[PDB]
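Below: one structure, written as structure tokens.
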Amino acid sequence: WXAXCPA
Amino acid sequence: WXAXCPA
Amino acid sequence: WXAXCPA
Amino acid sequence: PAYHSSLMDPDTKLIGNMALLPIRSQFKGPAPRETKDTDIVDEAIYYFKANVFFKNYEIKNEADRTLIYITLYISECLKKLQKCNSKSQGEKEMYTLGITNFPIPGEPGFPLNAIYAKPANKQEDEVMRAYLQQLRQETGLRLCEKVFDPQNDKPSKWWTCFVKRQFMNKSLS
Amino acid sequence: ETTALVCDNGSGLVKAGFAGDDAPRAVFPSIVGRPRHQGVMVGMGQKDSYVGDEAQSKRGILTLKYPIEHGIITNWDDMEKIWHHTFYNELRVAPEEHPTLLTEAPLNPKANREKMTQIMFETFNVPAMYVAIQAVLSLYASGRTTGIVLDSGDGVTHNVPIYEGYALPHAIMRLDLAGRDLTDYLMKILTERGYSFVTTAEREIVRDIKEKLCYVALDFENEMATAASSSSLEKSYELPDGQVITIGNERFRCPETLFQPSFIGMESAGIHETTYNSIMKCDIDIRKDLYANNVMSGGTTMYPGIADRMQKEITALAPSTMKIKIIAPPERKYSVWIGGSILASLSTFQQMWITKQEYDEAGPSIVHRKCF
Amino acid sequence: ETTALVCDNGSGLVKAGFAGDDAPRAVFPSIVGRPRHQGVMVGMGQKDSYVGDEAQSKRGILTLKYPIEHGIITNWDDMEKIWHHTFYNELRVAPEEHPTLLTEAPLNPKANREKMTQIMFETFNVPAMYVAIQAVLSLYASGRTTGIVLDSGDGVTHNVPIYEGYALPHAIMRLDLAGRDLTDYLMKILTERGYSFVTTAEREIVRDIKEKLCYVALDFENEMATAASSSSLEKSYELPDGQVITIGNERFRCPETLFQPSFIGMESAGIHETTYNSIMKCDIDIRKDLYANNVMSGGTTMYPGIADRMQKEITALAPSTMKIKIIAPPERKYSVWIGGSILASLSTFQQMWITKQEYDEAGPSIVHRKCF
Ligand SMILES: Nc1ncnc2c1ncn2[C@@H]1O[C@H](COP(=O)(O)OP(=O)(O)O)[C@@H](O)[C@H]1O
Ligand SMILES: Nc1ncnc2c1ncn2[C@@H]1O[C@H](COP(=O)(O)OP(=O)(O)O)[C@@H](O)[C@H]1O
Ligand SMILES: [Mg+2]
Ligand SMILES: [Mg+2]
């Protein structure tokens, strides 16, 4: 992901 | 109904 | 709640 | 009755009882292509505006069964298409109606099943299945091009008024 | 053309059957449900609209709506859909083959009657039909000619005093209170206990609960005091999910709303008071006969002990010098349908029908003039 | 144009094959490796990039990186490379000849879907394609219309309650915990035992070890106590170099992380708790049906005894008045692919595809409205 978690 | 009560 | 919804 | 079938030469083959009269269609099925625009579906659409009024039909030739079946399916097509909104939506509805499982002749759920024959061998079963599917698809493609009009993009009242005038008083349903 | 069909468009249920049979052949609630979610699976293009026991079975994903509200139709499309379903899927009888009989509550708007007659004559092209009153059919079913009717249905409660061979149209009282208001009050109180129910599925659940575990109380204060000693009155019910709900005072609280409309906030009187007023408005001589005969019908009057409470209240209000008798047949649920069937079977009624030549001629203003 | 190809971009593995076959024709892991050393020999200028079983074979001199992380793509070049490899080298079928079917986890960003659709329509110019959900295909493979899906894949675990002919998009829960976190925890504990594994090659080795010598424990405390008497539970595994590793409590410790996410430090709940919450959020009536049918799929749910533990936990949490049944087909690994193939074979689905003409005229946003 972009915010929260990686991906 | 139209006036008084719904129906 | 107890029945319906959580609380 | 008076306005019975036409365009049936003796050379035409058959499937148990029905006449495998060629129908011109861009789709695929166990039928050939006829260059002339005339075919079973064209005559059925041409005469449907009057066949409903009459209350009798003598099957002079085997093509009468094809005419009866096509008109009977057209009744349901008109009933389902009355609530149409867009030409694309009407085509979608007609397509999903064509790819269905309706009562095949010789099996329960089929009106006037006495007149029609009961297939016995296996191969003729799917032959008739494919033939009827092709006929339904062609009928759907043929109705969508005249039922709608360039203006108001809605089913014309003139073409859906016959919704309640079920042929022989009953429909497939 | 050998028999006729009698259909009772009950405010909460539909009864239909052939003329001559002693029991209805079709008993399903008036539900017209539609899907509430989007739908993802592709192998289903099924029935955008749902009606009947099917709607009851899959009520968990549908927005159930009652087409008829307090005796007056609100959505005509739903009523036509239910009529088509009952005629074709259940009865499997064409409208042309036999005529149809319809019933409606008293003091209803003429617009509803005209629209119903027009739709019946135009859409289904029925050969003939008629419009009647549930109370008179209740009298016919009971095999009596004099009395007072307590037709407390799911949507409307009304009374119509009658005498030998004639009626009293000027002494008819109609009360909007009915089973639906009782169910709403039951939901409200079940909330005060600790159990919450909002959507229509839980509305049906509470309706079943009331149908199974409700009764009337001879004395309200004594029952409340005994509830203060809550060790022998509480009862348990099993929900579909398996949860158990304990119900105490609510069993005898909601029915008391009939005798105490002030609970819901309605500035009116109870059924006992309304019946007393209706009988008093009648002539003095027929008061004795009306007291001696009190027929009651409807699905809202099956609570055990209701007859005893009504008798006690009427005797207390009425002078204590004569005898008051309450008659409570154990088949009052279908009394209206039985009366309609018997009336249709009558030879003299074979000519009172309204045919299509009639309608071919003028807007259905004809329903009223005649056929009443 | 006789059949279609179904490709499942699994978080850790790729499944592909023809529409109609009962087994996939291509099963290789999603690895895109590149050389890590310099290279000295002159008689090879070979394949700066590596993909597929080739990468697995020569993993000792490559920096393996998974293109997809927890269900969301991170490197588009790697995904395009793997797509090209699968289409050409393995399947040897041109994209134009047949359409392609794609599947993705629920609650994924719209950017991924739009980019995937744009790349598929522009680069390979496929005649048509579609986007679906793994859980619905699992239902199709299982031949059922009602139940709850436990799609615990290598990257994402999610549930989607369903009912006859409709779904419940408001009761979907997605958990990031999946096989990769289990492998990381297994590496961490193997460190506490005395065996160290850091690089990606040993990551694959530990993945195989878990695939071969891991199981769930009905009771955690009892298993720990029996481990205190460690004379019948320890097992040995043979490493490629010949070294032997003895594994004891780690066999039943890592799987317990699914039911106890607190081990990794995640402030969430286990699969049992999430499924219970999802089912509770549904309507009361459909709860019975959901309990009676519980479909599970994915490569993370093959541990023996998992079904029994889930059944015990659900029955303990759920009221002890009904019956809870767990269905564990022995071919859940490829259930998604089988469902996709069956859906493609459906006649009614031949028109739901998305073609180049409508996509170009409308735009990438069309897929968003196509079945959500
Ligand atoms: N077994 C029952 N016990 C108590 N009330 C009932 C029972 N069955 C129905 N009811 C109530 O009576 C109503 C239905 O009775 P009904 O006479 O068919 O209404 P309608 O007069 O509109 O046809 C229901 O709404 C319900 O509240
Ligand atoms: N034999 C096995 N035993 C235990 N786990 C396995 C086994 N085979 C695969 N797995 C696990 O299941 C995962 C792959 O299953 P899969 O369903 O293909 O993931 P995805 O849903 O992204 O396609 C792997 O990460 C692996 O950890
Ligand atoms: Mg009623
Ligand atoms: Mg996968």
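We name chains A, B, ... following the order of the structure tokens; residues begin at 1 in each chain, and ligands are numbered from 1 as shown.
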Could you give me the residues within 7 Å of ligand 3, counting only C-alpha atoms and all ligand atoms, as a PyMOL selection string? chain E and resi 8-13+153-155
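For chain C, the residues having at least one atom no farther than 10 Å from chain F, when counting only C-alpha atoms, are residues 3, 4, 5 and 6 of chain C.
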Please identify every polymer residue within 12 Å of ligand 4, using only C-alpha atoms and all ligand atoms, and present the set as a ChimeraX atom specification. /F:7-16,27,29-30,68-72,102-106,133-135,137-138,151-158,178-179,297-300,332-337
Which of stretch 128-370 of chain F counts as strand (DSSP E) under DSSP, as an NGL selection string please? :F and (128-133 or 148-152 or 157-159 or 162-163 or 166-167 or 173-175 or 235-238 or 244-247 or 294-297 or 354-355)
Would you export the selected residues with N, CA and C atoms as a compact mmCIF listing (two decimals), in the first residue's frame, please?
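And here is the file that came out, part.txt:
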```txt
# COMPACT_ATOMS: atom_id res chain seq x y z
N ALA F 128 -11.03 -10.12 -25.61
CA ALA F 128 -11.93 -9.82 -24.51
C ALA F 128 -11.38 -10.45 -23.24
N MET F 129 -11.91 -10.01 -22.11
CA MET F 129 -11.46 -10.52 -20.81
C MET F 129 -12.53 -10.19 -19.77
N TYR F 130 -12.25 -10.56 -18.53
CA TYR F 130 -13.15 -10.28 -17.42
C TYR F 130 -12.37 -10.36 -16.12
N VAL F 131 -12.93 -9.76 -15.08
CA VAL F 131 -12.35 -9.76 -13.74
C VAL F 131 -13.38 -10.32 -12.77
N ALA F 132 -12.95 -11.25 -11.93
CA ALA F 132 -13.86 -11.91 -10.99
C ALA F 132 -13.24 -12.02 -9.61
N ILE F 133 -13.89 -12.76 -8.72
CA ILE F 133 -13.43 -12.95 -7.35
C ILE F 133 -13.19 -14.43 -7.12
N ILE F 148 -20.20 -19.75 3.30
CA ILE F 148 -19.19 -18.76 3.62
C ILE F 148 -17.84 -19.29 3.15
N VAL F 149 -17.07 -18.43 2.50
CA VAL F 149 -15.80 -18.82 1.89
C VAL F 149 -14.66 -18.43 2.82
N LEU F 150 -13.72 -19.35 3.01
CA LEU F 150 -12.48 -19.09 3.74
C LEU F 150 -11.35 -19.21 2.73
N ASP F 151 -11.08 -18.11 2.02
CA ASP F 151 -10.07 -18.08 0.97
C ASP F 151 -8.75 -17.61 1.57
N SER F 152 -8.10 -18.53 2.29
CA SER F 152 -6.82 -18.24 2.95
C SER F 152 -5.70 -18.57 1.98
N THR F 157 -6.10 -13.48 3.29
CA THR F 157 -7.20 -14.32 3.76
C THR F 157 -8.44 -13.45 3.88
N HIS F 158 -9.54 -13.91 3.29
CA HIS F 158 -10.76 -13.11 3.25
C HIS F 158 -11.97 -14.03 3.27
N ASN F 159 -13.11 -13.47 3.67
CA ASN F 159 -14.38 -14.17 3.70
C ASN F 159 -15.45 -13.31 3.04
N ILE F 162 -22.48 -15.34 1.41
CA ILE F 162 -23.32 -15.42 0.23
C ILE F 162 -24.65 -16.06 0.60
N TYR F 163 -25.67 -15.75 -0.19
CA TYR F 163 -26.98 -16.38 -0.06
C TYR F 163 -27.49 -16.72 -1.46
N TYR F 166 -27.62 -14.10 -4.39
CA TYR F 166 -27.16 -12.77 -4.02
C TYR F 166 -26.01 -12.88 -3.03
N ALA F 167 -25.28 -11.78 -2.88
CA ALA F 167 -24.15 -11.68 -1.97
C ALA F 167 -24.39 -10.55 -0.98
N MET F 173 -14.67 -9.27 5.10
CA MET F 173 -13.52 -8.98 5.94
C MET F 173 -12.27 -9.57 5.30
N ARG F 174 -11.23 -8.75 5.19
CA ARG F 174 -9.97 -9.14 4.58
C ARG F 174 -8.86 -9.03 5.61
N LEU F 175 -8.07 -10.10 5.75
CA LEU F 175 -6.98 -10.15 6.71
C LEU F 175 -5.66 -10.30 5.96
N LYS F 235 10.61 -34.73 14.63
CA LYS F 235 10.79 -35.31 13.31
C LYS F 235 12.01 -34.68 12.64
N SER F 236 12.61 -35.43 11.72
CA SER F 236 13.84 -35.03 11.06
C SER F 236 13.58 -34.76 9.58
N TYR F 237 14.27 -33.75 9.04
CA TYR F 237 14.18 -33.40 7.63
C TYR F 237 15.59 -33.34 7.05
N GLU F 238 15.71 -33.74 5.79
CA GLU F 238 16.99 -33.80 5.10
C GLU F 238 17.15 -32.56 4.22
N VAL F 244 20.81 -32.67 8.68
CA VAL F 244 19.53 -33.12 9.21
C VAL F 244 19.09 -32.14 10.29
N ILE F 245 17.85 -31.68 10.20
CA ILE F 245 17.27 -30.73 11.14
C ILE F 245 16.13 -31.42 11.87
N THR F 246 16.13 -31.32 13.20
CA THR F 246 15.09 -31.91 14.03
C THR F 246 14.11 -30.81 14.44
N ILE F 247 12.83 -31.03 14.15
CA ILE F 247 11.78 -30.05 14.42
C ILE F 247 10.80 -30.66 15.42
N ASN F 294 -20.06 -24.16 5.07
CA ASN F 294 -18.83 -23.40 5.29
C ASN F 294 -17.77 -23.94 4.34
N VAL F 295 -17.63 -23.30 3.19
CA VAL F 295 -16.64 -23.69 2.19
C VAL F 295 -15.33 -22.99 2.50
N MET F 296 -14.23 -23.72 2.38
CA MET F 296 -12.90 -23.17 2.56
C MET F 296 -12.03 -23.54 1.37
N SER F 297 -11.12 -22.64 1.02
CA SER F 297 -10.24 -22.84 -0.12
C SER F 297 -8.95 -22.07 0.09
N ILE F 354 -15.84 -8.29 -21.72
CA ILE F 354 -15.54 -6.91 -22.06
C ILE F 354 -14.63 -6.92 -23.28
N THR F 355 -15.09 -6.31 -24.37
CA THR F 355 -14.38 -6.32 -25.64
C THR F 355 -13.62 -5.01 -25.84
```
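Every residue of chain D that lies within 12 Å of chain E is listed here, counting only C-alpha atoms: residues 93, 96, 97, 100, 163, 164, 165, 169, 170 and 173 of chain D.
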To one decimal place in Å, what is the distance between atom CA of residue E:49 and atom CA of residue D:102?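 Spanning atom CA of residue E:49 to atom CA of residue D:102 is a straight-line distance of 21.2 Å.
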Between atom CA of residue D:115 and atom CA of residue D:1, what is the spacing in Å?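 Going from atom CA of residue D:1 over to atom CA of residue D:115 covers 15.5 Å.
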Non-local contacts of residue E:249 (12 Å; only C-alpha atoms; under 2 positions in same chain excluded) as a VMD selection string: chain E and resid 186 189 to 190 192 to 193 213 to 217 220 to 235 246 to 247 251 to 256
